[PDB]
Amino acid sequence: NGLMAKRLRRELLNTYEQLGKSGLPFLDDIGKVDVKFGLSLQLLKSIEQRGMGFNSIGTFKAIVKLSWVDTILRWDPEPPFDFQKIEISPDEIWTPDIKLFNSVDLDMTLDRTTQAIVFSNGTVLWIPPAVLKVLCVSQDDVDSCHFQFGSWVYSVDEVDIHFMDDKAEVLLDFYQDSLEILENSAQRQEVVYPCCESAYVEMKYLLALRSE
């Protein structure tokens, strides 16, 4: 019943509406959110030499894949709320503050008009298109670019991150370019920053392309 599904969504989001979306998605003991992160390269928009040196600005189109558990968004799918999943705007719920740390701009842009899917067990799946702009090195007809992703404010004890499906690499399931990929690797690291005390998960990707 369509009415019941919309009523369900309203009941679930009432918490976020009343208490706000800030803060880890827990009402009981504060736990650790483990985010599964995937980066799916679609295409290269441009690689533009910076001045006359060996560096360049690389602009990429990708699909970013995020999954995590939100215990506030759980329900028991017994009638009249027998729904396995519901679609939800990501601006109406908590979302991980994972940012492209080494963005040449403020951050990558994610398409936050795309909906997330939340399952009855509170697992959220959000797969936003993204534009990423980073500083690359262009030498010997190769463009080497790095991407570092991490939660802005939450340490490893608050927000953890692991490769979605344990695939430590740029994903090619949405790939739609003709570029020759010469390197494609990634690593998860727990990084201490000079400004701050505790450690933060960093997902670091290295992508090397043949120059056109």
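Numbers for residues come from their place in the sequence shown, where the first is 1.
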Using the B-factors recorded in the PDB entry, average over the C-alpha atoms of 5-13 and of 200-208, then report which stretch comes out higher. 5-13
Decide which of the stretches 79-87 and 103-111 has the higher mean C-alpha B-factor, going by the entry. 79-87
Among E48, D29, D34, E183, highest Cα B-factor in the entry goes to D29
Is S178 in the lowest, middle or highest third of its chain when residues are ranked by C-alpha B-factor? highest
Quick one: classify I57 as lowest, middle or highest third of the chain based on its Cα B-factor. lowest
Looking at the C-alpha B-factor of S138, is it in the lowest, middle or highest third of its chain? highest
Can you tell me which third, lowest, middle or highest, the CA B-factor of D70 falls into for its chain? middle
Assigned third (lowest, middle, highest) for the C-alpha B factor of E169: lowest
